[PDB]
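Novice: Please see the structure below; I have some questions.
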Amino acid sequence: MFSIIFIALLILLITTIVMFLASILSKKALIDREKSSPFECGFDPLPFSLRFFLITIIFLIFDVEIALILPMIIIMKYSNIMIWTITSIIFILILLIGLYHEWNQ
Amino acid sequence: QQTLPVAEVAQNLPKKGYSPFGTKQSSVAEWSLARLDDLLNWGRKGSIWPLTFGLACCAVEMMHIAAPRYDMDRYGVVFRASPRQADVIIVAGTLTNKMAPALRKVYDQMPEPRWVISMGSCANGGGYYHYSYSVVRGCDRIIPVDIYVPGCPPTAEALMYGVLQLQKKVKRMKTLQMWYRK
Amino acid sequence: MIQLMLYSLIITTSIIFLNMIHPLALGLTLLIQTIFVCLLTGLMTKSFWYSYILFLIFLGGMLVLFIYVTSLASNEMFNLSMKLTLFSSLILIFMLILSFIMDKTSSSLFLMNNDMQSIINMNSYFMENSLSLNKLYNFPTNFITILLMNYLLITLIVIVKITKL
Amino acid sequence: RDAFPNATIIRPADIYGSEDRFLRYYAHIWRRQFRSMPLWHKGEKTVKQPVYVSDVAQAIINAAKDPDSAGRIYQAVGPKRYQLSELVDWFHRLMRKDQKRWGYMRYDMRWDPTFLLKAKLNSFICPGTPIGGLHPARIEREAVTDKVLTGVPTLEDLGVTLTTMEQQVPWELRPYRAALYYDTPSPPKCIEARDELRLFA
Amino acid sequence: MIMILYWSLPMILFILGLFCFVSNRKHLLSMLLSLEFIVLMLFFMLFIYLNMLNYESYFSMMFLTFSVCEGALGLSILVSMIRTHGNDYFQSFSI
Amino acid sequence: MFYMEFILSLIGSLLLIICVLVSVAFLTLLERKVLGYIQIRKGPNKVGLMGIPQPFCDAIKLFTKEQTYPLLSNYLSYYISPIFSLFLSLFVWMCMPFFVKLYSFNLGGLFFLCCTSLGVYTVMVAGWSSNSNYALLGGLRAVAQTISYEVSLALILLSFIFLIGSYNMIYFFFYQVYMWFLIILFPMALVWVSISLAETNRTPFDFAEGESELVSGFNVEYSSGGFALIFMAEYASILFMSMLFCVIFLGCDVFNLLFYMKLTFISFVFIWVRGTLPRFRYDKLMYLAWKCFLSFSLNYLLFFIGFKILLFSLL
Ligand code: SF4
């Protein structure tokens, strides 16, 4: 993992050096009032959305749920088979029943 | 004009070469800046990205250089919708009085170097609505124009001839030599 | 040594987290703190499973809600100060040279890694991330993870009711 | 004037506007030093009378059209005198730098050799124009106060109405404003003749 | 001693995050972000505890599930005042 | 600990980064060329010889143009998105299955899910700091589709990990010594193509970063080097998805030249679906990511739970 830190810091250093040299190599012109303006098509110029927030919340709940589906590949050769099967079938079946119930309602 | 050279005369003429400056520079620093400017102009003329600015009928011919017969993509030319990512704006259509601040703002948000192609008689000189109450008399009063393509709907060979003339202008750009002489 | 570097980075990001006030900037400080916390909890452990779990759950899974809410909360940009950057760099170089002049054997953690264990340890040779995750899927502790999945579904039911949709 | 005898000499004091070397030079990051602007004698000693670029362009045209301006020196200065400290504080009030979380501080330039070392290194390493115009000639120009000469004509003799500073400058410094921290500006005080004589005593 | 050299830093940063949680110079979003900062420090200290034991590190995703549900609960409490208190309630320095 | 391991790991990682970047440039050339041949028209030509240095013409132009900003006062947050985007696109390649050892990633799928979970973060800072309503809309739409198929991608790769029995990417090689996984996982092949064109913004999932409904989603204010780094990061994501399709479904075959021929073929397939399909909608893409692909993921995960239990009794 210590080599991963060194190579990630080297990628970050190389990208910042490339962008700094690109900013030096960029052609410096006179800065303007209208050039700095945010682009709206043509003529010059959002509230909170709850639907996207519950999309993020559904993503979070399913992400923490996936983080419990993640370990059981390793445990299948090192656990009780009946307990592992009962928990896996119950886990994915309650997930499917909840998904279908939230679809129907 | 000049008479184009007869082949008896032109066989005695040497080859022009790629560089408009020539390789006969005196100083080694001047020669190095000349070749760096040649490489920079080759990179700039090797890919100009025009902006999707189609105001009126001329733009129906503008898509006809996108079309498979003429094929602008093998000239470095590919359309970009955002004005930041684009090099060129092709004024292809009729600039009106309500269209003037939109065109000026879109041109001002474009980053420099900025070459402008006026496509069609409404773009340069006003054209067929030159005496109208709500048509700007050419776009040269608002946006500074480098290439002016003449035809009312320019054929697409003539628009691409304007594109090649813009590429010859970009190849003739002198920046580092001017910096050495500034 | 690199554990002390992560100590210094967490101290520096925590004091700049205390200093700043812009909400997306605190969100950025949290997302760059979570990486160092993940690595530093990876230094004590046998294998990097729980650092990955904390990574997907906290940073990529949960804090994107915080980044979205703090992005739509603040209209303005960051006011970057070179004074705070210089102070953070000065305390960072001071704490790295303090870790240079300090014995790293006494400052290392007593928690055993996978290679810090005994060679005659039978359980370490079997399978990476096997015996630690075993009690999740065995009797009688499987009822907790069944209750956890039910808890996450019930959490979603709570969240739909309280936001009123 | 030795070569061309009938040559009109307009003498601008310091010209402000958009894309200038005055407001952009006092608006740049490279001019400041850790959110604090160094000024010579804290900006209190020097009194400057800046002029707009449209006013001096109208003065150039009014000298070109009217042929009584042959060989006459025209002092191109603004309507009112201001000292540099009040000008810089008014500029930072316009850019919303007056908030307490920004940490605006005005201090003496002669105590800070690091700023002059930075200006010399900026004049060294830049191949083209230096960034922000922080050459030492601009430093000595901001050190020199604007002195008008009596008996020598001013642009009001050329028939141009000089634009006041408070009308034009907030429009120039409107895009230069900082982002507001998550936690109208006052106009600056002009310096009269007797107050300038008291300050220079 | 053992407390001074080992696990002293999560205590200090936990008290710093607690003081950022309750200071009157901050706002509600800063309270929630400092709350997840002390969640991260709690994970750090809990993992230092759980790694004295060999194979009980599986509890780390239980506390993670509960505290992440707490964080989503706090965000959904805080954004439920958008349609009632307006969009300016995030800058409130007092409750 | 032996220092030539560190030296050769550093040399191999830097050589991988350099070859990935030049392959990104030639992938932009390949996409502009054969994407033209999707229609009747020709690809790039007339620059250099037969259009080969056209991406270098792009690189000289994009590194010279004026670095414009969405606002004039404070724009350091505008810089940090292409840096982290190219950093993640060059950092995700460290979990490639190398048979000669470069990094012993025993958990490579989790590393891939981590870098994909930062993809939402770099596109969110891309959207917000560009100060435009089009930029915020494109950033929110890209974050929406990428977290919508993040859960689906995690479940699909989680179903694939049940086949090899571990999280080690090189274990895809030993279970493909007799046949490829394209035979056994062909609906998973179509679903994985729909996944890999969703995390990386391509034409079938292009409501995030299209030129029709928005002018550009989050590259609208990015130009003159930042757009170059973003473009290189996105094409490196395309190259990574082509490699990851070629490891899981097609046999890993890391040494053989046929593996890299198949990687170029899956890049050709990515440009082939670039020219064919239209673009989905927001409502239909929420229908696709959370109902159809999620139901298929959980169902066929149940199928491999039953199959891995059935083979465990027989073996
Ligand atoms: S110049 Fe002619 S073809 Fe073009 S917009 Fe005008 S009328 Fe139409």
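Protein sequence lines, in the order shown, are assigned to chains A, B, C, D, E and F.
In case it helps, full-length UniProt numbering puts the first sequence at residues 1 to 45, 51 to 110.
Just so you know, we're using full-length UniProt numbering here: the second sequence kicks off at 40 and counts up by one.
Just so you know, we're using full-length UniProt numbering here: the third sequence kicks off at 1 and counts up by one.
In case it helps, full-length UniProt numbering puts the fourth sequence at residues 209 to 391, 399 to 416.
Just so you know, we're using full-length UniProt numbering here: the fifth sequence kicks off at 1 and counts up by one.
Just so you know, we're using full-length UniProt numbering here: the sixth sequence kicks off at 1 and counts up by one.
Virtual Cβ for every residue (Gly too), placed ideally from N, Cα, C.
#1: Rounded to a whole number of angstroms, what is the C-alpha to C-alpha distance between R220 of chain B and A345 of chain D?
#2: With a threshold of 7 Å (Cβ to nearest heavy atom), would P192 of chain B be considered close to the ligand SF4?
#3: For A73 of chain B, is the beta carbon positioned less than 7 Å from some heavy atom of the ligand SF4?
#4: Which partner residues does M313 of chain D have in the DSSP bridge list?
#5: Can you tell which of C:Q33, C:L39, C:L40 has its C-alpha closest to the C-alpha of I38 of chain E?
#6: Between F:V92, F:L153, F:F98, which has its C-alpha nearest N256 of chain F's C-alpha?
#7: Closer than 7 Å between beta carbons: that is the criterion. Which residues of the segment 28–40 of chain A meet it against chain D?
#8: Helix, strand or coil: which one does DSSP assign to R141 of chain F?
#9: By the DSSP assignment, the alpha helix (DSSP H) with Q50 of chain B in it spans what residues?
#10: Just checking, does the segment 275–286 of chain D make contact with the segment 378–388 of chain D on the three C-beta pairs under 8 Å criterion?
#11: Could you tell me whether the Cβ of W248 of chain D comes closer than 8 Å to any Cβ of chain C?
#12: Could you give the DSSP three-state label for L71 of chain F: helix, strand or coil?
#13: Taking any Cβ of chain F, which residues in the segment 351–385 of chain D have a Cβ under 8 Å from it, in chain order?
#14: Of the residues F:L86, F:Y103, F:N45, which one's Cα is nearest the Cα of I7 of chain F?
#15: Considering just the uninterrupted stretch of the beta strand (DSSP E) at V130 of chain B, what are its terminal residues?
#16: Express the C-alpha separation of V24 of chain F and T41 of chain C in angstroms, rounding to a whole number.
#17: Is any beta-carbon of chain E found at less than 8 Å from that of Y233 of chain D?
#18: With three or more beta-carbon pairs closer than 8 Å as the criterion, would you say the segment 285–293 of chain D touches the segment 244–259 of chain D?
#19: Under three-state DSSP, which class holds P402 of chain D?
#20: Going straight from the alpha carbon of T61 of chain A to that of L62 of chain F, what length do you get?
#21: Which class does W238 of chain D belong to by DSSP, given the choice of helix, strand or coil?
#22: Who are the neighbours of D68 of chain A on chain F, taking C-beta pairs under 8 Å?
#23: Assuming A233 of chain F and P82 of chain F are in contact, meaning their beta carbons sit under 8 Å apart, how far apart are those beta carbons, in whole angstroms?
#24: Counting only beta-carbon atoms, is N51 of chain E nearer than 8 Å to chain A?
#25: Please name the residues in the segment 70–86 of chain E whose beta-carbon is closer than 9 Å to at least one beta-carbon of chain C, in chain order.
#26: Enumerate in chain order the residues of its own chain whose CB-to-CB distance from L39 of chain C is below 8 Å, with the five nearest sequence positions on each side excluded.
#27: Assuming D112 of chain B and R32 of chain F form a contact by the criterion Cβ under 8 Å, report the distance between their Cβ atoms to the nearest whole angstrom.
#28: Give the C-beta separation of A221 of chain D and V259 of chain D to the nearest angstrom, bearing in mind that I take them to be a contact with Cβ-Cβ under 8 Å.
#29: Apart from the five residues just before and just after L32 of chain E, which ones in its own chain have a Cβ nearer than 6 Å to its Cβ?
#30: Measure the alpha-carbon distance for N24 of chain E versus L18 of chain E and round it to whole angstroms.
#31: Output the distance between the C-alpha atoms of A72 of chain A and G336 of chain D, rounded to the nearest integer angstrom.
#32: Are there 16 or more other CB atoms within 10 angstroms of the CB of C97 of chain B, so buried, or fewer, so exposed?
#33: Looking only at C-alpha atoms, which of C:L148, C:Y68, C:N123 sits nearest to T122 of chain F?
#34: According to DSSP, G93 of chain B sits in a beta bridge with which residue or residues?
#35: Between the segment 35–49 of chain E and chain C, which residues of the former have CB atoms less than 7 Å from a CB of the latter, in chain order?
#36: So, under 8 Å CB-CB, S88 of chain C and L4 of chain C are touching, yes? Tell me the CB distance rounded to an integer number of Å.
Specialist: By the coordinates alone:
#1: 22 Å
#2: yes
#3: no
#4: D:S244
#5: C:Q33
#6: F:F98
#7: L30, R33, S36
#8: helix
#9: 46–51
#10: no
#11: no
#12: coil
#13: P383, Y384, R385
#14: F:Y103
#15: 127–131
#16: 36 Å
#17: no
#18: yes
#19: coil
#20: 35 Å
#21: coil
#22: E150, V151, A154
#23: 7 Å
#24: no
#25: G71, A72, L73, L75, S76, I77, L78, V79, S80, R83
#26: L6, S51
#27: 7 Å
#28: 6 Å
#29: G74
#30: 12 Å
#31: 57 Å
#32: buried
#33: C:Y68
#34: B:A131
#35: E36, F37, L40, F43, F44, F47, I48
#36: About 17 Å separates the two Cβ atoms, so there is no contact after all.
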